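Working notes, beginning with the structure itself.
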Amino acid sequence: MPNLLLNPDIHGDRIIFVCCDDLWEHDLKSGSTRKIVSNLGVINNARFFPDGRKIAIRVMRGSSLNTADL
Amino acid sequence: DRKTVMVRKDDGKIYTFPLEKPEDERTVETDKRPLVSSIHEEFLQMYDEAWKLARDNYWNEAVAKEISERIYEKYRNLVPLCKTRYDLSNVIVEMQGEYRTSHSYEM
Amino acid sequence: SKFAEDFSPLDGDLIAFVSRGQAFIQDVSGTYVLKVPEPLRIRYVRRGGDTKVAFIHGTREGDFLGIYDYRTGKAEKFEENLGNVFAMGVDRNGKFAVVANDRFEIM
Amino acid sequence: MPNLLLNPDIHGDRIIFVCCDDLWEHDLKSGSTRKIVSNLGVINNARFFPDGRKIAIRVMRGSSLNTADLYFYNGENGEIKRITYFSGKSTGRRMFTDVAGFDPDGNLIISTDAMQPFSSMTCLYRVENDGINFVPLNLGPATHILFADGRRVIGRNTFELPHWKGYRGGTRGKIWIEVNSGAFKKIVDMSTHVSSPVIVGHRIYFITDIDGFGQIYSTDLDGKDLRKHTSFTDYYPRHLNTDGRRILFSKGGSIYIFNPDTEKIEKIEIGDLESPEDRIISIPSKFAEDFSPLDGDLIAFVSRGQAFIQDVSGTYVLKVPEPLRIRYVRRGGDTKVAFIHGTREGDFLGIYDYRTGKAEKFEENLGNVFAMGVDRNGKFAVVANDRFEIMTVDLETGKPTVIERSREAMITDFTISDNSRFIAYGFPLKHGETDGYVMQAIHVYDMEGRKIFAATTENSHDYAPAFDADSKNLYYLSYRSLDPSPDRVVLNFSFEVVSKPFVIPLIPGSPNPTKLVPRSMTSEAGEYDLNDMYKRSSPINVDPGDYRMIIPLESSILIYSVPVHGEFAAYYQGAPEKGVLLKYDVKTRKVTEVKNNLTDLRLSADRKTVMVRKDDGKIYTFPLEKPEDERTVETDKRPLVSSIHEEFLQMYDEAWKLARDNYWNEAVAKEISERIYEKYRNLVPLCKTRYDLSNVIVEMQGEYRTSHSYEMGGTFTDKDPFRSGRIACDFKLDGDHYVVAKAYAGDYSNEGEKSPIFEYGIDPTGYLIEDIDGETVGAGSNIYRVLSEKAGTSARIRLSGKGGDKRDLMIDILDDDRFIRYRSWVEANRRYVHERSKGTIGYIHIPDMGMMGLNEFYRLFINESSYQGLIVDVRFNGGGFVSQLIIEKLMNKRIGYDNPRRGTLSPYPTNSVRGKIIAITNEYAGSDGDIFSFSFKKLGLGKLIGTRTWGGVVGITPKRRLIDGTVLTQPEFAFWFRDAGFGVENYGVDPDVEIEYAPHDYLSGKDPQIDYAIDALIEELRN
Amino acid sequence: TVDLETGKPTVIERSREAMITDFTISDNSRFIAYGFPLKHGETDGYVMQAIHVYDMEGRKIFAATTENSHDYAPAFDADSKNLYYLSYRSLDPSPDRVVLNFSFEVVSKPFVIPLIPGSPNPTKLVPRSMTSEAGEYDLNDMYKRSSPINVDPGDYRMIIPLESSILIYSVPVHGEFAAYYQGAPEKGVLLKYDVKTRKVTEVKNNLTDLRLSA
Amino acid sequence: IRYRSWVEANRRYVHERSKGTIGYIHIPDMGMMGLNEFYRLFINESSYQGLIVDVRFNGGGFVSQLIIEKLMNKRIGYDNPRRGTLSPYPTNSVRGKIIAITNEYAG
Ligand SMILES: N=C(N)NCCC[C@H](NC(=O)C(=O)[C@@H](CC1CCCCC1)NC(=O)OCc1ccccc1)C(=O)N[C@@H](CCC(=O)O)C(=O)N[C@@H](CC1CCCCC1)C(=O)O
C-alpha cells in the first residue's frame, strides 16, 4: 500500500511535501524521494525560500496539536 | 451490594473504598499492562464511526441518507493510506466537508 | 489510563472498565488483568453476576448487548439491534438489563 | 561542519551506515544520501540481506542503552518491523543480541544470550517467520558466522574492542572453520585481537593491531598466507562488512571502501548530513546533585554542571552566572554562596552573591576538590582534594593554606566549630607501608596557635565529627564497640552493630554532658586545652548500631542510623542505603524515630533546617524543631538549558583528564595523554548525539591499551527500554502450535528459581500453549511479542498436555528470567557431576566475585564440600573482589573431627574441603576472576582446567561523574602478583591442562571441560 | 505419636544428626509437619534441615522442602489447606564494618505450600473467580509448588497464619557478647503482616519468648 | 580494664624492643571476646615484619578455626594505586613471620 501525500511546494525540479507528518523531498529529474526532516512533531506546511535553499516549516505540538511554531 | 464505592477525584485518579470504612481507600492502577492495538483496524473503526455520526446527527434527516451513502466509499478508500493520526484526520475532515454545512469540527 | 472510561466495581472486589474500545476485568492493583475477548468498540461493561458481566458492543450497524464470564470464558453476543446505547444497567438478580438509546427509548 | 559516520555495510553500489544514531543509505553511483529509518532509538548495526532488499537492524533503548532488540527494514515498501522481543541486555563493550550472519538459504542468523545463563553465551540462532520461531545452531557462543563452500566459519568474540587497543588476553577474537563436514578446527588465533571478519573469494579479511595499530589483514580458509593490506595511522578502522566483491568499513568518522582485487582504498564523499538544534532542554532533577539548605529558607543545588539558588517551591529560581562545571555550592553568607568551579586545569573556589550580583572567581588552583565547607562566620572555607590534603582557603584573598596531608585517602569528613576556631576531621592513616587496613583518627586544628591535636587514638575508625553550638565539646562516631553477630547460614561472625557515639570536652575537667553530672557538683569554668584530649574521651549511653551522623543539640542528640541489610541491590542495581533519623533525649535517655525512609541528609548552618532525600528519590525539607512540617523540594519547574557542543567539549576534556589523572602508571600517563588529546578532540565537533561522543571517548580510552577503561550511565536516548515477557520456558514452534521445549528450575524450594508455572503443581514441559490472555498464539501469533506485552503482570494461559489435560492458569509474566536459567544450569551440572562420579564428587559454581558470587558459592559449598572430590567451576566469572575470601575457605585443611555420643562426625575446620579440588575456568573469567585462577594455581590448591582467562587485572573505583551522569572508569589499581609482577594484565591465566570447547563439542551436547574435570578427579581418587 | 488412650508409642521417622523438636500438627489431626535434620555425607561439615509431612492416613512421609538449607518453624492454617514455614534461603551478604568480611544476617523468609495441587499461594491474592481449586489433597512433589510470601527478609523464628494476616516473630540483628557470657536472652518482636494491605506493623516488642494457644 | 591495659602494655613493649619490626596480638579466649580482641589488634599489627600471637590464659570456646584461617592466609600480591599506599592481597594476611606464645592456662 501507498501513503497519503499532501501540502506540496515546488522549486524547479525539486518538490517537497508531507508524508506521515514528516517533510520529504522528491526530485522530478532523478525520481528519488527522501525524508529531509522528522521527529519535530506534526508538519503541515513547508515553504521554499526564493533561493530554494532554506525552508520555512510549520510544526504542531501538544497531544491535540493545540500549539504551533516555525 | 451498596458496599463498595468507586470514585474519581480532582487529581484524575480512580479510587475505591468500602462504604462502611471510607477511611480505607485504595488507588486503582491500570497502567501496569500496556494497551495493544492495530493502527489500520482502529482507523477503519474510527472512520466508520465518524461517518456514522455525521449521518445520524445531521440536522436534515432526508439529506443525510443521500449524502452519507454517496461519500462513504470514496473516503473509505483513503483510510488504508493513513499511517498517522493526522493522516486519518485529513481524510475524516474532507468527508465531513461533504455535508456542505457549518459546525462539522474535529477536536 | 489515557483513554479509559466507564470504570465500574464488580463482585469480589474486582474492577471493570473500558479503554480505546477494549474492556478489562482486573483487581484494583491492575496486577491481574483480563481482556474481554470481543472485537472493536465495547461501549459499556456492567456487573451481571458472580463471574459474569454484561457489555454493549458497538458496530457500524449499531449497538448490541453482550455477556461474558471471566471465569469459564464463555462470551455469547446477541444480534438484536438496540440502536445507539447511552446507558445500560443490569438487575441484581442477573436476569435482565435496562437500556437507553438515542431514540429516547427505555427497554 | 560534517558528521561522524560509522558501522557501514555494502551491497553493490548502495552503502548503508549510521549517522546521528539513525540509518542512512548512500548511492555510489548518483552520490545521493538519505535517511531510511529513524526514531527507533540508537542504531549501531545494520546488515544487508542477500537480495540486498531487506535489512536487519540492531537498536538500543533505555536511558543508558541497557536494552536491545532487532528490526527488519524493507526498502521496497518502507516497512519497518520488530523481530525480537528478547530485550537482550547490552553495555558499551558488549553490545550483544546482534546479527551474526546469513545462511546459504538467505536466512538471518542472530547471536544473542537472551535465553542463556551467562551474557557471554551469545549463542547462534536462525530467525524464522520474522521472529515467530528461533532454531538454535548449537555451535556454541559466536559473534560472526560465515559460509564458504558449504563450510561454516565461526568468529568467537570477534566484535570491536576500541576501549582496549593491543588486547592480547584470553578473550581475544578467534576464527574456527568446518572441515570434516561436521568437525571444526581453529584457524586464526593470533597473539592480538581479531575483529569484523568477512570473506571475499576464498580469503577471510579481518582487523587486528598485531603490529601496533589497526589494519586490515586476510588469510586463506586455513588461516595461512597471512597478508597485511592497509597501513593506516590516523584512526583504527572498524566494522568490516562486504557483499562478496568489495569490503566496506569506517574510520575516524568517515566511510571507506576496499577493493580486494585492486588492493586500493578510497574514502566515500558524503558531506554534511544532519545538524540538529544545538540548544537543548533538560530536566534538572535527572542530573541534580549537591542539594543544600541556605539562609532564609532557600535552596541551592547543582545539575548538569550548573548551579541554582531557588525557594523550596522552585518557583523563584536563580542560575549562578558561571561557565561549565560547578562541582559544589555552599552557604557563605546571608546572600552569598561559595562554589567550586571546575576546568580542564583543575578546580577553583568561587564566591557569588545572589542579591547584588557580584561573583568573583579566584585563580588559586586547589587540585581536584571533593569536599568543601564554609565557616559560619563566612571568612574562610575548608577544602579536600585528591592529593589527600585538607586546607583553608581565604574567602577574601583566595590564598589556600594546607593544614595536613594524608598519605592513604582523602580528608573529606570534616567540620568547623561555630566560633570558627577549630577544625575537626577524619585523618586516614596506616601503621605500616604495606598494611592491610586503613585506620582513621579525628584531628583538631586550632586556628590560633595553628597546631594539630589528636582527638582520638589510631586503632580503628573514628568519623562524623561534630561540635556543639557553644563550641565546648566535640562529638563523633566510631566503630570501636566490637561485638560479633552470628551468620545464619555459614559458620561465621562479623561486626554488624559496632558503631557508637563519643564526646570530648574541649575544657579539661569538664565532664561528659550527656552524663547529667549536677552542675553544682562540678567545677568547670576552666580554659581551652586540646592536649591529651583523647584521654578524656567518653561514650554517650546510646545502644550500638550503624550510625553515619551525630548532631548535638540543646537537650537531645540526633543520630542517623542505618539498619543492617543485604548488599545485593546496592552492589548491582545500585540501590541507595536506607537510613532513619533518630533522636536521643539527654534527660530521659530515651530514643525515638524522627523520620524514616531516608537515603541522605544535610543540616543547615543554624542547625534549624533539615534537608533530606527519601527512598522515593525526592528531596524534602523540614525544620528540626517541628519535623512534622516537611515540604517537597521542586526543581523541575524551570527547564535546564544547555548547548550540546559546549557540553560535549566539556565532557571530552574531563573524560580525557580523568583517564590521565587516574591511570595506575603516572609515568606513562603524561606521554599517553598528551599524545592522544588533540587527535580525538578534533572529532568532538562531529558528534551530534550522545552516542557519537561515546564513540570518540571510548576510542581515546583504548589508547591506554589497558583493561577496565569503561563507560557506564549517561543519557543516550529518551526511548523506554525494550521489554521482554518471560516465564522461564523454551518455546518450539511445532506445526501451528507452540510447545514447551524446556521448563527451567533449580532449587524448587528457593525463591525465584523456577518457571512461575510450577507453583500450580505441574511441569509445563511438553505442554502446548493454546492462547494467552484470550489471544491465540502459534503459527500466526508471535508468542514472544505477546509475552512481551504482558510483562510485569499475570495473564491467563490456556495449556494442553498429553491426552485431554487442559489447564487454565493465571501465570506471572516475569520481566526477566536469567537467574532462573542460571540456577537451573548450576543444579543441572550438580546432578551431572554427582551421577557421573558415582556420588564421589561435589560441584560448586562461582558466577562472579561480588555479592552474587558470595551467595552462589556458599549456597552450594555447605552441601558439596564433604565429598571425596570437589569441582570449583569459575567459568564466566565476572570478577569483583571477594576471591581472597573464597580462596581462604578452599585453603582450609581438614585435620580433625568431633565425636559425639549421638550423631555423626563433625569436621574441623567446619569450612574445610574434605578431599581433592579441581578448578574449571574459561576465557570469560576476568579481573578478580583472573586473580582467583592465578591464585588457585600459585597456592597449588589443585589443577586448573579450561582455557586462558580474560587478562584484565587493573582495578577501578570511580569517584566522579560527567555532567550528564555518565560514569567513566579508569584502570587505577594495578594488581601485582609475586613472581609474576603485572604479567597477568593483558594476558590472563593459563590452566594447567588446556581443554578447548570447540563448535562440534556443542553440537554433540557434551561439556568437555566439566567432563575432563570429573574424569581427572576420579583418577586422583584411586589412591 | 503416643496414643493418649492406650499409651503405645509409634515412631514415625528417625534422624541421624539431631533431634526432631520442631514440629506441628494440622488442626484436622491428619498431618504432622516437622524439621528433619540431615546430612549429604557422613563427614559433612553442615547439617541441613528439610520439612517433612507425615500423613496419618496412608501413614507415609512426604517431603515439604528440598534438602539444601535450613527450613523450620512449620505451621498449618486453620482450614488445614496450606503449610507455612520459614527458611534461611534468601541469601544476601551484609558487610562487616570493621574487618573485610560479609555474613548472612537477614536471609530468613516465609514460604507456603498449598496442600491441594492447583491451589495458589493465598497471600498472592489471586481472584477466586480466576482460579479453579476444589481439588483434593495430594502431598506428592509439593516442594515444587512452594511459594514465598512477599515479606522482606530478616531473622524470623515463628510464622503464624491467620484469616487475613500473618504473625511473624522477628529478631533484630544484635551482638552475641552478652548472650555468650552473661547468658542474656535474645530480644524479639511480634510482627503482623496484613495479607490485603501487605503492610507490616509491630504488635508487641521486648519479647524474649512466645507461645500460642491451641 | 586491667586486661586491655595489660594487652596495650605488651603491645608497646613488643614494638619498642623489636625496634618497631614486630606486632602483637592476644587472644583471651575462643568465644565472642576472643573474636573481639583478636580483630581489635589484628587490623593494626598484622603488617609488621613479625607477629606474636599470644594465646596464654586462653579459656577456649570454638572459634579457633576461624583464627587459624586468618593466620593461614599467605600474602601473594599487592594493589598499586595511582595515589595512596600499597594494599596487600589478601587483606587479612600476616605480612611476615609468626610466633605463638602459650601456657598451661590455655585449654
Ligand atoms: N563495585 C561494583 N558494583 N562493580 C565493580 C565490578 C567491576 C569488575 N571487575 C573485576 O572483578 C576485577 O576483577 C576487580 C579486580 C581487582 C584488581 C586489582 C585491584 C582490585 C580489584 N575489581 C574491581 O574492579 O573492583 C573493585 C576494587 C577496586 C580498587 C581496590 C580494591 C577493589 C568487572 O566489571 N569485570 C568485567 C570482567 C569481564 C571478564 O571476566 O572477562 C565485566 O566486564 N563484567 C560484566 C560487566 C560489568 C558488570 C558490573 C560492572 C561493570 C561491568 C560482564 O559483562 O561480564
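Sequential numbering from 1, following the chain as shown.
Positions of Cβ are set from backbone N, Cα and C atoms, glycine also.
Residues annotated as region 'Six-bladed beta propeller' in Swiss-Prot: D:1-272. What Swiss-Prot lists as region 'Seven-bladed beta propeller' is D:288-637, and the listing cites experimental evidence. The feature active site, charge relay system is assigned by Swiss-Prot to D:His708, D:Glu985, with experimental evidence given as support. The region 'PDZ-like' annotation in Swiss-Prot covers D:723-817. Here Swiss-Prot flags D:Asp898 as site 'Substrate specificity switch'. If you look up Swiss-Prot, you'll see D:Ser927 marked as active site, nucleophile, on the strength of experimental evidence.
Sequence features, as recorded in Swiss-Prot, placed on the structure.
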{"residue": "D:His708", "record": "active site, charge relay system", "CB count, 10 Å": "23"}
{"residue": "D:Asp898", "record": "site 'Substrate specificity switch'", "CB count, 10 Å": "11"}
{"residue": "D:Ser927", "record": "active site, nucleophile", "CB count, 10 Å": "26"}
{"residue": "D:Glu985", "record": "active site, charge relay system", "CB count, 10 Å": "23"}
Listed recorded positions adjacent to ligand 1, that is, members of D:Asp898, D:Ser927, D:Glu985 whose C-beta is under 6 A away: D:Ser927
Counts of helix, strand and coil residues, the region 'PDZ-like' (D:723-817), according to DSSP: 11 helix, 38 strand, 46 coil
Rounded inter-Cα distance in Å - the residue listed as 'active site, nucleophile', D:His708 (active site, charge relay system): 9
Rounded inter-Cα distance in Å - D:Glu985 (active site, charge relay system), D:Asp898 (site 'Substrate specificity switch'): 45
Secondary structure at D:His708 (active site, charge relay system), reduced by DSSP to three states: coil
Rounded Cα-Cα span from D:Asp898 (site 'Substrate specificity switch') to D:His708 (active site, charge relay system), Å: 47
